[PDB]
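**Student:** return a 3D structure for these sequence lines:
(chains A, B, C and D)
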Amino acid sequence: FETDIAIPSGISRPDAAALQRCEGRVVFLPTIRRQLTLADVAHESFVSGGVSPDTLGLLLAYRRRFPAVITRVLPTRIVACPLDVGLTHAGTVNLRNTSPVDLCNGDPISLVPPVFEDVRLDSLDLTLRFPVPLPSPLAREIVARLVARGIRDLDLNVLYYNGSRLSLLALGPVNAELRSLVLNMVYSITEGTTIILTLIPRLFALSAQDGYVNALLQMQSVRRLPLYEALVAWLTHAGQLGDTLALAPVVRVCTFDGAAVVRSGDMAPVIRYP
Amino acid sequence: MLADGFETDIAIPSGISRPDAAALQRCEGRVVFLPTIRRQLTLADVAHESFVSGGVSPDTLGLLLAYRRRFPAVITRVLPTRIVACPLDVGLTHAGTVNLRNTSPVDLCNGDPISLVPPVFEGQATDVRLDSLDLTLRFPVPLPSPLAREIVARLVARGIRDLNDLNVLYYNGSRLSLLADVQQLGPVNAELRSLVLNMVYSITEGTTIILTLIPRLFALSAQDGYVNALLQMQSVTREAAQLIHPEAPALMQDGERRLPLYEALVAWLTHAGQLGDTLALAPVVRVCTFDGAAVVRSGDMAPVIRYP
Amino acid sequence: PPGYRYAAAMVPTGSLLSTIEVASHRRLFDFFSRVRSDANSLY
Amino acid sequence: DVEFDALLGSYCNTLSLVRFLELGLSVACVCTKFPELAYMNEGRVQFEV
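**Tutor:** Numbering: from 1, shown residues only, chains lettered A, B, ... in the order given. Now the structure:
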């Protein structure tokens, strides 16, 4: 099951080679459809608003859009299959890393917006931002690092994986690109730890290793402060972020007839959960 | 998941009148809770008479709590002699496409996750009753996901008020309310414990640093309007900031080698962010139309492809 | 409870062998009619 | 030196093929068959006294 993303007319000569270089890469589309236009595919397709979306709003669209992995690229149409319906019939679709981090066999792979550091087509006036397919145990680390970076602003950049070293700093735009995450991560915790502190007003006052454990072991057995109207302001807000920062893995690599560890620029075969 | 699909067969009995047989053919896509994954069950297992505890028919809140121990399934087709469903947790069909039908007062959009809710709405608890078999089939209501984080949060917050308005909602501008009823003390305390576990577990020693950033936010909402319309008019942290001037602790025990801000955020994701799965059930299902529309209307089918 | 078809009587399938008081036990049957002699709704 | 083991044979069953009419119970049935019955709802029989 292979859809078609048609390229509109008037392609220059370096740009037919630029789209020749995104052979195996992850792309988001609105709805699974056998014919689709490239202007609904690009980064322009969700700049809705009056500011081009930062890394928060990138995450929200990625759960409302259906990820597709590009197969062959014909010079008239981009042939792709989506990762939700097209992969029960056809078994395994190749995938190219843009990651600075190599893939091992058996990892599950989430996706992250390009927070680290971008094909532009000036015959068509659009950019093509692409996600970063890193493995999902790093995803709850790396995003948790970069959120923790901005909290310092109001040691950290050390990361090891697969016997290698990672430097997240590689400063100007990315801290400003990640302002909206920092201003929600703090608010949810400070709303949480004051309502919890209001419901039971002793949770900071008991002796920790002596009396607070009895306050923990009991929990395990089976004008006006507008407090009870403010759970909903917390619970719906916190219940929203539990999907966005989950970064659920669509993709698990099962290597067969190939190298055990797939490096950057190489291809790694990919299956979904059957 | 099996290759040839996996379809259980809820059996229809012998004696069913024509006013009842045409009442089950309007059950084309609904949500039906199997207790196990047996290929052969009965309607006496499906209906609300099997839902009851020892003789206490529970409230809407316990009706949340006994879905997460069952397996929600969707009817695909109704024969005269048996009803065929597909469990959501095992495998959909060959296709991965099982048509639903909206019972909701709210229309859908593409890609949005579905978490199902008991019939909480007023003028809406419409139970398909079988008269010649003496059964009630309560059909739950599929809703979009950010609604299901509201309505579960409305009901748990309401039951805490009884342990010593709220029932007004808005979504896509259509005003809707929910049924006010007395809540039994039993299952509400099973919610309060499931809060305060996941609430206290998100408090690490690193949160003493974030709680000294509250004076920055209350001054940041003065300049950037993004932080004004973030806090709320009806929030806690605004009136918390107008009285408390916090300050950080002096040192940390072996605080050089460890990152206190990083551990508070890892523990926050898996405990307090995860909280929307503990109270309600899991959003198994989203809507992935092939050709139709951006909006799926009330009383209409919708193609469905699964989801984390 | 449908009123059955009186011409199925008019050429019967198979004949009984024993007459009994019939309205002693009724719920073995569904559409039961005590016809005091030849009456209105037989036609 | 000479040694061996042995298989001295193997024994089976036969499944007893049972016609229903060979039973003594087959009087209490009136057996006429339908080539179709799922194409049928409530069916009726009339007796008259």
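
**Student:** for chain D, which residue gets nearest to chain A?
**Tutor:** residue D:38 (32.2 Å; Cβ to the nearest Cβ). The way it works is simple: take the backbone N, C-alpha and C, and place the C-beta from them, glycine included.

**Student:** actually chain C, sorry about that
**Tutor:** residue C:2 (49.4 Å).

**Student:** tell me the secondary structure for that residue?
**Tutor:** coil (DSSP: H, G, I helix; E, B strand; the rest coil).

**Student:** how far away is it from residue D:46?
**Tutor:** 11 Å (Cβ to Cβ, to the nearest Å).

**Student:** most distant residue from the centre of chain C?
**Tutor:** residue C:17 (15.2 Å; Cα atoms, centre = their mean).

**Student:** spatially nearest residue to residue C:23 (excluding sequence neighbours)?
**Tutor:** residue C:34 (5.8 Å; Cβ to Cβ, 6 or more residues apart in numbering or on different chains).

**Student:** the one you found and residue C:24 touch, don't they?
**Tutor:** No - using Cβ atoms under 8 Å, residue C:34 is not in contact with residue C:24, being 11.6 Å away.

**Student:** in stretch A:194-211, what's buried?
**Tutor:** A:194-197, A:199, A:203 (16 or more other Cβ atoms under 10 Å in any protein chain shown).

**Student:** again, but for stretch A:100-107
**Tutor:** A:100-103, A:107.

**Student:** same check, this time on stretch A:178-187
**Tutor:** Those would be A:178, A:181-187, for stretch A:178-187 by 16+ other Cβ under 10 Å.

**Student:** check these against chain B, which are close?
**Tutor:** By Cβ under 8 Å from any Cβ of the partner chain, the members of the buried residues of stretch A:178-187 lying near chain B are A:183-187.

**Student:** closest to residue C:10 out of the residues you listed?
**Tutor:** When those are ranked by distance to residue C:10 (Cβ to Cβ), residue A:184 comes first, at 84.4 Å.

**Student:** ok now do the nearest residue to that closest one once chain neighbours are set aside, which residues does it touch?
**Tutor:** Nearest residue to residue A:184, sequence neighbours excluded (Cβ to Cβ, 6+ apart): residue A:241, at 7.0 Å. Contacts of residue A:241 were listed using Cβ atoms under 8 Å, 6 or more residues apart in numbering or on different chains, and they are A:184, A:188, B:273.

**Student:** what's the spacing between residue A:241 and chain D?
**Tutor:** 53 Å (Cβ to the nearest Cβ, to the nearest Å).

**Student:** who has more neighbours, residue C:2 and residue D:46?
**Tutor:** More crowded of residue C:2 and residue D:46, by other Cβ atoms under 10 Å in any protein chain shown: residue D:46, with 13 against 8.

**Student:** how many residues are close by residue A:8?
**Tutor:** Counted with other Cβ under 10 Å, residue A:8 comes out at 10.

**Student:** ok, back up a step: which ones, among the buried residues of stretch A:194-211, also lie beside chain B?
**Tutor:** A:194-196, A:199, A:203.

**Student:** overlap of the contact sets of residue C:34 and residue C:24?
**Tutor:** What both residue C:34 and residue C:24 touch, as defined by Cβ under 8 Å, 6+ apart, is an empty set.

**Student:** how about the residues of chain D by chain B?
**Tutor:** D:38, D:41.

**Student:** and the helices in chain D?
**Tutor:** Remark: helices of chain D are absent; assignment by DSSP state H.

**Student:** what segments of it are strands?
**Tutor:** With DSSP state E as the criterion, chain D has no strands.

**Student:** what parts of it come near chain C?
**Tutor:** Counting by Cβ under 8 Å from any Cβ, the residues of chain D that sit close to chain C are D:44-49.

**Student:** want to throw the residues you listed into TSV with distance to residue D:14?
**Tutor:** As requested, the residues of chain D next to chain C are exported to TSV (distance: Cβ to Cβ, whole Å):
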residue	distance to residue D:14
D:44	45
D:45	42
D:46	47
D:47	46
D:48	51
D:49	51
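
**Student:** nearest to residue D:7 among these?
**Tutor:** When the residues of chain D next to chain C are compared against residue D:7 (criterion: Cβ to Cβ), the nearest one is residue D:45, at 61.8 Å.

**Student:** distance from stretch A:41-56 to the middle of the chain?
**Tutor:** 15 Å (Cα atoms, centre = their mean, to the nearest Å).

**Student:** that older thread, contact partners for the residue of chain D closest to chain A?
**Tutor:** B:80-81.

**Student:** which one of the residues in the stretch 151-274 of chain A is closest to chain C?
**Tutor:** residue A:222 (50.5 Å).

**Student:** next, the contact list for that residue, please.
**Tutor:** Here residue A:222 is in contact with B:190, B:193 (criterion: Cβ under 8 Å, 6+ apart).

**Student:** buried sites along stretch A:22-33?
**Tutor:** A:22, A:24-32.

**Student:** just give me the residue right at the centre of chain A.
**Tutor:** residue A:112 (3.0 Å).

**Student:** list the contacts for it?
**Tutor:** With the criterion set at Cβ under 8 Å, 6+ apart, residue A:112 makes contact with A:131-132, A:134, A:139, A:142-143, A:247.

**Student:** same list (these) but as TSV, adding distance to chain B.
**Tutor:** Formatted as TSV, those follow (distance: Cβ to the nearest Cβ, whole Å):
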residue	distance to chain B
A:131	16
A:132	19
A:134	16
A:139	10
A:142	11
A:143	9
A:247	10
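
**Student:** most neighbours, which of these?
**Tutor:** So for the contacts of residue A:112 (other Cβ under 10 Å), the most neighbours sit at residue A:134, 25 neighbours.

**Student:** residues near the closest residue to it other than its chain neighbours, how many?
**Tutor:** Distances taken as Cβ to Cβ, 6+ apart place residue A:99 nearest to residue A:134, at 5.0 Å, with adjacent residues excluded. Counted with other Cβ under 10 Å, the neighbours of residue A:99 add up to 19.

**Student:** list the buried ones in stretch A:260-274?
**Tutor:** A:262, A:268-270, A:272.

**Student:** first to last residue in it, what's the distance?
**Tutor:** 22 Å (Cα to Cα, to the nearest Å).
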